[PDB]
Structure formats: C-alpha cells, structure tokens
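Notes for the one structure printed next.
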Amino acid sequence: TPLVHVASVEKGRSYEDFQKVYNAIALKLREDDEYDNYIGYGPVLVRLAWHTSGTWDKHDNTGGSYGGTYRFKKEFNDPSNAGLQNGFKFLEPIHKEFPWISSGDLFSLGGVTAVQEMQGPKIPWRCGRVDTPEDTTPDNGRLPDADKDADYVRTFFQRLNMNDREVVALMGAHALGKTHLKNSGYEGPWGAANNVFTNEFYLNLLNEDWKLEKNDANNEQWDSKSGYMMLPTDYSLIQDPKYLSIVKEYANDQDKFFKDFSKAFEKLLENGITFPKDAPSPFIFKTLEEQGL
Ligand SMILES: C=CC1=C(C)c2cc3[nH]c(cc4nc(cc5[nH]c(cc1n2)c(C)c5C=C)C(C)=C4CCC(=O)O)c(CCC(=O)O)c3C
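For the sequence shown, the deposited numbering assigns the number 2 to the initial residue and increments by one for each residue that follows.
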C-alpha cells in the first residue's frame with residue numbers, strides 16, 4: 002500500500018536556521034576548493050541530490066528524497082552511486098554541526114546550495130523530510146543507465162513524472178563536473194566551465210564535432226576535439242526530434258533554461274512529499290555573495 006510522506010518541519014526551525022545550514026555548506030564549498038582537480042565539490046553535491054531523489058517511483062511512492070535512505074549500506078553501496086561517498090563525507094561535518102536537520106533535507110539542500118553558489122538559478126526549497134528506517138531503502142537499479150537511447154530516457158523519466166521539457170532541462174546539469182572512469186565507466190567533462198552553472202551543455206551538444214569512440218572501459222561515448230564528451234543518453238537529446246527542439250531552445254535562451262531548470266529540480270527534490278496546507282512557503286536562500294560573506 003503506498004506510503005504518504007507528510008513533510009514535518011524540524012521542531013521550531015525557520016528560514017534563518019536553514020540559511021545557516023546553506024551558509025555552512027557554501028563556505029565549505031569555497032574552502033575545499035582542490036577536490037577533483039580543482040573542480041570543487043559543487044558537481045558531486047548536485048549528483049548526490051539527484052541520486053537520492055531519483056530512486057522515486059510514482060506508482061507506489063517508494064524511494065525519493067524524503068527518507069534520507071542513502072545513509073544505509075544497501076544504497077550507498079549501489080553501483081550507480083559509486084563516487085558519491087565523497088559528497089556524503091563532505092556533508093558529514095555539516096550534519097555534525099547541525100544535527101537537527103534530517104538527512105533528506107541535508108542531501109537536497111546540498112544540491113540547491115551547490116547550484117546557487119555555482120551561479121545557477123535560485124532553487125526554492127522546502128524543509129520537512131523525515132528520516133525513515135533501514136527497511137524503507139529502495140533496492141538498487143532504479144537510477145538510469147547511460148548507454149541507452151532517447152526512447153529509454155523518455156520512458157525512464159515517466160517514472161519520475163517528468164515530461165520532455167523537464168527531462169531536457171534537468172540534463173543541463175551536465176554542464177557541471179565530469180564522468181570518472183573508475184566510478185561509471187565513462188571519462189571526461191561535458192564542457193569547459195564545469196564549476197559554473199550555465200547552458201553550455203546545450204551549446205556543446207549543438208556546436209561541437211562529436212565522434213563515437215570507445216573509452217578505456219570499453220564503453221561507447223561521444224568525444225570532441227575540445228576534450229569534451231557526451232554519454233549516449235546525452236547525445237540522444239539531439240537524435241530525437243522532440244528533444245532536439247528543446248535543446249535548441251535552451252541553447253538560445255539562458256534565462257529560460259534557468260527558469261525551467263529551477264522548476265524541474267525543485268520538483269525532482271519534492272517528488273513523493275505531501276506538504277500540509279499550513280506548511281511554510283518554499284525558502285529562497287541568499288547566496289554568500291548576496292550576503293557579503
Ligand atoms: C539519463 C539521465 C542521466 C544519466 C544516465 C546520467 C549519467 C551520469 N551522470 C554522471 C554525473 C553527474 N550527474 C550530474 C547531474 C545529473 N545527472 C542527471 C541525469 C543523468 N545522469 C540529472 C537529472 C542530474 C541532476 C539534475 C552531475 C552534476 C554529475 C557530475 C558529478 C561529478 O562528480 O562531477 C555520471 C558520471 C558519474 C561519475 O562520477 O563517473 C553519469 C554516468
């Protein structure tokens with residue numbers, strides 16, 4: 002019988018409490034700048050937010066961000082999550098300092114903080130995820146494969162209640178970070194300015210000269226002479242005519258991409274959660290720059 006998960010505000014907490022958590026994550030992002038050849042922790046925190054939310058199944062309300070179940074071995078041991086231990090370790094001192102925040106609130110807030118501090122759009126964020134027990138952890142295998150085509154992508158994301166525009170917008174997060182051969186069997190960045198959130202993913206898809214190559218793990222990926230790559234699922238966005246139209250739209254309208262990403266990413270992070278009518282409004286956190294910090 003599917004589970005209603007009702008958001009429950011951490012007792013007595015308000016916007017200022019969560020802004021302090023934001024700020025601690027943001028200051029640590031600035032301090033621990035050497036990680037991953039000076040990419041920093043921003044991208045891995047966005048990937049962590051996505052992987053902890055992307056297990057959701059709309060059919061039975063299992064998985065999703067609510068329960069914070071990545072803290073249990075079945076999930077941090079998911080082969081699809083290889084590498085995310087670095088993001089968890091980053092967040093450990095944050096949780097120690099703010100032990101009142103739930104695990105799902107912390108994982109999701111880490112992704113919002115990373116996007117914003119990397120000059121991305123504001124992402125409204127709601128509190129109130131509540132930790133759930135070990136037997137609520139979803140089985141491995143709910144996150145998407147990278148070696149597939151547009152039809153796979155489209156069908157996959159129906160389980161997360163995402164439409165074509167939402168899918169294409171969310172995939173623009175691949176402007177950030179890179180693939181690492183030891184984690185995923187893919188190697189290389191999608192672009193150049195990979196710790197700055199921009200619409201570069203879409204520009205690179207359209208404007209680079211891509212060649213289908215095998216990497217050192219014997220997997221196919223698309224490579225450019227600029228030193229960028231696209232996964233088969235990324236490249237599928239220009240193979241499918243419906244996705245291609247949307248790629249072109251975001252390549253030509255930075256503001257539109259930002260607005261659509263913000264909405265889709267909030268939705269991703271909120272899937273599965275019931276917000277009571279009297280819950281607080283979503284919070285829009287100030288960046289460190291906006292605060293003079
Ligand atoms: C078809 C859909 C998707 C597939 C197959 C997928 C593929 C990948 N995404 C990766 C990393 C990444 N994924 C990322 C955000 C997202 N990625 C998402 C959608 C997908 N992501 C969405 C949705 C995201 C958030 C909104 C980020 C930012 C990284 C880079 C992480 C890092 O450590 O640099 C990796 C590489 C992991 C590694 O360290 O080697 C793969 C294989």
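Even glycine gets a Cβ: it sits at the ideal position worked out from N, Cα and C.
Are there any heavy atoms of ligand 1 lying less than 7 Å away from the beta-carbon of residue i, as far as the coordinates show?
i	result
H96	no
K179	yes
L245	no
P80	no
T234	yes
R48	yes
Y203	no
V154	yes
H175	yes
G64	no
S109	no
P125	no
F266	yes
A147	yes
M231	no
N184	yes
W51	yes
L171	yes
What's the gap between the Cα of residue i and the Cα of residue j?
i	j	result
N162	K59	7 Å
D106	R130	6 Å
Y236	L207	10 Å
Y251	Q120	17 Å
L182	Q222	12 Å
residue 1	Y39	Lying outside 2 to 294, the shown extent of the chain, residue 1 is not represented and no answer is given.
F202	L171	11 Å
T63	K226	42 Å
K90	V45	11 Å
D152	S15	43 Å
residue 340	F19	Because residue 340 is not part of the residues shown, which for the chain are 2 to 294, the question remains open.
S9	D217	47 Å
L49	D61	23 Å
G13	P283	16 Å
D37	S246	34 Å
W211	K21	44 Å
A265	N219	33 Å
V5	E214	46 Å
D241	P145	18 Å
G111	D33	14 Å
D224	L232	9 Å
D136	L269	23 Å
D150	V248	16 Å
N272	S109	12 Å
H96	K243	42 Å
Residues in the same chain with beta-carbon distance under 6 Å from residue i, minus the five sequence neighbours each way, listed in chain order, please.
i	result
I285	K123 and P125
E76	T70 and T138
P281	none
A27	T114, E118 and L289
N141	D79
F99	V22
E188	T180, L182 and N216
Please list, in chain order, all residues of the same chain as residue i whose beta carbon is under 7 Å from its beta carbon, the five residues on each side excluded.
i	result
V7	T275 and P277
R160	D58 and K59
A194	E201
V197	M119 and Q120
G293	none
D261	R166 and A170
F157	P145
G173	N200, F202, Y203, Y251, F258 and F262
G43	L30, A115, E118, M119, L177 and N196
Go through its chain and collect everything with a Cβ distance to residue i's Cβ below 8 Å, but skip five positions before and after it.
i	result
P190	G178, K179, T180, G228, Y229 and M230
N184	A83 and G84
What whole-angstrom Cβ distance do residue i and residue j have, given they're in contact under 8 Å?
i	j	result
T133	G84	With 8 Å as the limit, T133 and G84 do not qualify as a contact, their Cβ atoms being about 24 Å apart.
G65	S54	6 Å
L238	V169	6 Å
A115	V47	5 Å
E291	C128	The pair is not a contact, with the Cβ atoms about 20 Å apart (cut-off 8 Å).
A176	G186	Wrong, their Cβ atoms sit about 21 Å apart, outside the cutoff.
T234	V154	5 Å
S103	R72	Their Cβ separation, rounded to whole angstroms, is 10 Å, which puts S103 and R72 out of contact at 8 Å.
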